Amino acid sequence: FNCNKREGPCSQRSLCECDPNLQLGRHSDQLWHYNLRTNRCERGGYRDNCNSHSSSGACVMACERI
Amino acid sequence: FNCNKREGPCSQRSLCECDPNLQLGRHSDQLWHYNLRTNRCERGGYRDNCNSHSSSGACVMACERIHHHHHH
């Protein structure tokens with residue numbers, strides 16, 4: 001399933017299940033990513049990685065589960 | 001469709017059809033948004049608006065390419 005925002009769409013799956021450490025595009029400390037091991041969003045994102053989010057609240061809604 | 005990223009998911013349509021001027025979350029100069037009238041990705045976006053993108057390339061692919069090809 002696609003993880004590069006430049007190369008195809010990002011499924012709802014991809015937003016949370018893409019490895020956030022894939023260095024796709026420049027890194028930004030103003031973006032956020034979901035950590036599937038901890039079930040928490042954390043600061044930082046690679047801007048062309050499907051698992052990169054524009055805000056913490058965007059990431060929480062997209063990916064964090066109870 | 002939903003446009004508030006904090007309150008629900010963003011559909012593929014919402015990425016491109018949400019009004020990019022809707023002031024949902026704090027503005028960021030480094031985000032991008034899609035202008036549906038001109039079919040062009042432009043600089044700036046509001047962090048909690050579904051039409052806010054992490055890079056120009058992300059916006060181009062989702063909106064100038066995919067949405068523009070399919071939406072009718």
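Atom set for the values below is all heavy atoms of this structure, side chains included, hydrogens, waters and symmetry mates excluded. Residue numbers begin at 1 in each chain, while the letters A, B, ... track the order of the sequences.
Each of B:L15, B:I66, B:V60 has some count of heavy-atom pairs under 4.5 Å with chain A, and the biggest count is that of B:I66.
Looking at B:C10, the atoms closer than 4.5 Å to chain A (heavy atoms on both sides) all sit in the backbone: N, CA, C or O. Looking at A:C50, there are no atoms closer than 4.5 Å to chain B (heavy atoms on both sides), in backbone or side chain. Of the two parts of A:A58, the backbone and the side chain both hold a non-hydrogen atom closer than 4.5 Å to a non-hydrogen atom of chain B.
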For chain A and chain B, what donor-acceptor pairs lie under 3.5 Å, backbone included?
from: A:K5; atom 1: NZ; to: B:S54; atom 2: OG; distance (Å): 2.9
from: A:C10; atom 1: O; to: B:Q12; atom 2: NE2; distance (Å): 3.2
from: A:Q12; atom 1: NE2; to: B:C10; atom 2: O; distance (Å): 3.2
from: A:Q30; atom 1: OE1; to: B:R47; atom 2: NH2; distance (Å): 3.4
from: A:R47; atom 1: O; to: B:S54; atom 2: OG; distance (Å): 2.6
from: A:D48; atom 1: OD1; to: B:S55; atom 2: OG; distance (Å): 2.7
from: A:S54; atom 1: OG; to: B:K5; atom 2: NZ; distance (Å): 2.9
from: A:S54; atom 1: OG; to: B:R47; atom 2: O; distance (Å): 2.6
from: A:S55; atom 1: OG; to: B:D48; atom 2: OD1; distance (Å): 2.6

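B:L31 belongs to a hydrophobic cluster whose other members, connected by ILVMFWY side-chain contacts under 4.5 Å either directly or through intermediates, are A:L31. Within the hydrophobic cluster formed by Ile, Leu, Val, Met, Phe, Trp and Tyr side chains joined at under 4.5 Å, directly or through other members, B:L22 is accompanied by B:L24.
Sorted by first and then second residue, the ring-ring contact (aromatic ring centres under 6.0 Å, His included) pairs with a member in residues 1-26 of chain A form an empty list; sequence neighbours excluded.
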